[PDB]
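1. one piece of my complex first, more on the way:
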Amino acid sequence: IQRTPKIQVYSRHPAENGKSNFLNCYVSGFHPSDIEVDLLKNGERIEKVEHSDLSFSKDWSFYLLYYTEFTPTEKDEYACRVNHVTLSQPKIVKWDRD
């Protein structure tokens, strides 16, 4: 039995428009540990992505963090694109400024 990962997109600091900060994508709770994770700037992939190493959970699961440095503007749209074996197509989750 396999489980789908959990996607969570947020910011390192309270996102103020026109202020350098970090965008974080936190993917946790997937049994098959083969994923593809990308960050999307205005519907286009970001290339200056940084990430920590893959880790283990006590429930035989994995978690990962993909983070980058950016400057938020209301015009720009930021999303996280993930592909997993349990997903028929790579799912995309957008970011809410709240």
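-> That came through fine. Residues are numbered from 1 along each chain as shown, chains lettered A, B, ... in the order given.

2. Residue A:74: what secondary structure?
-> coil (DSSP: H, G, I helix; E, B strand; the rest coil).

3. What distance do you get for the residue lying closest to it once chain neighbours are set aside to residue A:63?
-> Distance criterion C-beta to C-beta, 6 or more residues apart in numbering; nearest residue to residue A:74, sequence neighbours excluded, is residue A:17 at 5.9 Å. Bear in mind the C-beta positions are built from the backbone N, C-alpha and C, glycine included. According to C-beta to C-beta, to the nearest Å, residue A:17 and residue A:63 sit 30 Å apart.

4. What residues are bridge-paired with the most centrally placed residue in chain A?
-> The centroid of chain A falls nearest to residue A:25 when counting by C-alpha atoms, centre = their mean (2.7 Å). As for beta bridges, residue A:25 partners with residue A:9, residue A:66 under DSSP bridges.

5. ok, back up a step: who has more neighbours, residue A:17 and residue A:63?
-> Comparing residue A:17 with residue A:63 by neighbour count (other C-beta atoms under 10 Å), the higher total belongs to residue A:63, at 16 against 11.

6. What segments of chain A are strands?
-> Here chain A has its strands, by DSSP state E, at A:6-11, A:21-30, A:36-41, A:44-45, A:50-51, A:55-56, A:62-70, A:78-83, A:91-94.

7. In this structure residue A:78 contacts residue A:39, no?
-> Yes: using C-beta atoms under 8 Å, residue A:78 makes contact with residue A:39 at a distance of 7.2 Å.

8. Chain B goes on too:
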Amino acid sequence: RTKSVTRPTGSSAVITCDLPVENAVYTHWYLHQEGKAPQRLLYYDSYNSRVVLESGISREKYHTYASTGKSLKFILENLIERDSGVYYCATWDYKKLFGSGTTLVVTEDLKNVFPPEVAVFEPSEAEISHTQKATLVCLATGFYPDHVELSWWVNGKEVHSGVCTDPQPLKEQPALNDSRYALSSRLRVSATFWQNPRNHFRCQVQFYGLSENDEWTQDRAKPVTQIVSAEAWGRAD
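-> Let me put chain B in with the others:
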């Protein structure tokens, strides 16, 4: 269970580890002395096959035999009286499991070493009449190295019940820097048991002296490691 060795000053000494397992990966070595706290002298690393010592000791002071399949040995060089004490091997299984250890005494001069004389004194009839219990006294006199081990044997069997041995010897000459020692022990048994003439009592002092490796040049005998003894038989009166 604790071995014992007496050596001259400036000579080497060998001590074997008495631990449940012969060969451990790391084997530590500690010294205990009467007045001060025990301290770790060193340990042996089997992987690097070397001794890790402490910062207060010279590197050319100790070394290891480390016979495979057998218990490890530690060798000490250029002995001095301040090296006298008791040396324990140690290992980490549950806690620091210390071994049986080996007591070591070393002397500057080998001229003043003597073996002890063992005498047995029979119980007084008054004590038998008064308490219905008999006390036999063993006195060992005239040994300079306080490295003796006293025991009692009834019918040729070592006894641990009803036996008391003095923990500190006493000096014949309290004003002498190098004075000889005397020690006393007591065995108490039921007076009926003593009055049985079949029962044989023996007081045995294992004296730790020199070895055949050492040479002797005196008119006297050679105070080698030996067993002195005295004995008595039951009196029914």
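
9. just to revisit the earlier point, and the residue nearest to the centre of chain A, what is it in contact with?
-> Residue A:25 sits next to A:7, A:8, A:9, A:37, A:39, A:65, A:66, A:67, A:80 when contact means C-beta atoms under 8 Å, 6 or more residues apart in numbering or on different chains.

10. at 6 Å instead, please
-> Contact analysis of residue A:25 by C-beta atoms under 6 Å, 6 or more residues apart in numbering or on different chains lists A:9, A:66, A:80.

11. Tell me the one of those residues nearest residue A:96?
-> residue A:9 (8.3 Å; C-beta to C-beta).

12. what number of residues lie near residue B:110?
-> If you count neighbours by other C-beta atoms under 10 Å in any protein chain shown, residue B:110 ends up with 18.

13. Where do the domain boundaries of chain B fall?
-> B:1-108, B:109-237 (curated CATH domains).

14. Would you mind putting these into JSON lines with distance to residue A:84 alongside?
-> Shown next, in JSON lines, are these (distance: least, C-beta to C-beta, whole Å):
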{"stretch": "domain B:1-108", "distance to residue A:84": "45"}
{"stretch": "domain B:109-237", "distance to residue A:84": "74"}
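
15. quick revisit: let's have the contacts of residue A:25 in CSV, adding distance to residue B:108.
-> As requested, the contacts of residue A:25 are exported to CSV (distance: C-beta to C-beta, whole Å):
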residue, distance to residue B:108
A:9, 82
A:66, 76
A:80, 83
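
16. one more, chain C:
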Amino acid sequence: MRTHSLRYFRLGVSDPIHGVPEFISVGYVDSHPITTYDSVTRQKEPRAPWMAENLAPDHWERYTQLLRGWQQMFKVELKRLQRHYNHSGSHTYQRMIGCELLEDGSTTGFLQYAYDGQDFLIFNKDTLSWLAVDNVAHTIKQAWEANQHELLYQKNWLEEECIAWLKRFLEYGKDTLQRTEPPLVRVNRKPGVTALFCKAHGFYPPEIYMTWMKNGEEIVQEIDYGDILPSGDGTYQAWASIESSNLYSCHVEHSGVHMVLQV
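-> To build on what is shown above, here is chain C added in:
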């Protein structure tokens, strides 16, 4: 006192993708990576600057050799499991071993094996047994319980050596592990009937209590909660919402200090 934990994880995969290595093993102190060995490097390496500072060079070589041996054992075990289960393709095998020192004073010790993400064998150190989940698991259960010296060694390590390893690690990484960074608490307003947000930010110890109270009386639940996620700097963050003309107060407990905002 704080709740600390030492863990070691081993992972193996059959017929992996070209990128994916066959065998990986890594240790974690309080969810911080400590060591790494893999089928590609074939060498054990640290993942913390204070690790190599205090350890001897012989340690890495010795545990690299032992990890090669453990790699071979893991491969043969996974192959046996696939043979028994009649499972083809790519499957996974996992092992976790470690101990925890809890804030209440109690201590634990665990050793579990899992296949395809489901628990397979759990070692009970007090009974010195192996609780299994299958007849296929029962076979290897009996096989391992045949050897009792190994079980004694496992219990001895889990009870007496894992704790010493964790304590010397916490003393080596005292700057990074025993530090504490207070959180930053903020209230946000904005939702047809907008809620009030209590937000904690930039705290290293990820254990926090987040509550709401009305005029000294705690709310009867009705508090929405959000996940506590880590910021990229090594700290953590969290948030909570509850909701008029009614007064409320946020309350937050962290690392032994209780804080009130009194909106």
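
17. The contacts of residue A:25 again, this time with chain C added?
-> A:9, A:66, A:80 are the contacts of residue A:25 under C-beta under 6 Å, 6+ apart.

18. Relative to residue C:149, which of these is nearest.
-> residue A:66 (45.9 Å).

19. sorry, back to before: top of the contacts of residue A:25 by neighbour count?
-> residue A:80 (23 neighbours).

20. okay, now the residue nearest to residue C:29 when sequence neighbours are not counted: neighbour count?
-> Nearest residue to residue C:29, sequence neighbours excluded (C-beta to C-beta, 6 or more residues apart in numbering or on different chains): residue C:169, at 5.1 Å. Other residues within reach of residue C:169, judged by other C-beta under 10 Å, total 22.

21. In what element of secondary structure is residue C:169 found?
-> Applying DSSP states H and E as the criterion places residue C:169 in helix C:162-172.

22. what about the residue nearest to residue C:29, distance to chain B?
-> Remark: distance between residue C:169 and chain B (C-beta to the nearest C-beta, to the nearest Å) = 18 Å.

23. Next one: that residue relative to chain A, how far apart?
-> When C-beta to the nearest C-beta is the yardstick, residue C:169 and chain A sit 17 Å from each other.

24. I'd guessed that residue sits against residue C:30; true?
-> No: using C-beta atoms under 6 Å, residue C:169 is not in contact with residue C:30; the gap is 9.2 Å.

25. that older thread, could you list the buried residues of the helix holding residue C:169?
-> C:162, C:163, C:165, C:166, C:169, C:170, C:172 (16 or more other C-beta atoms under 10 Å in any protein chain shown).
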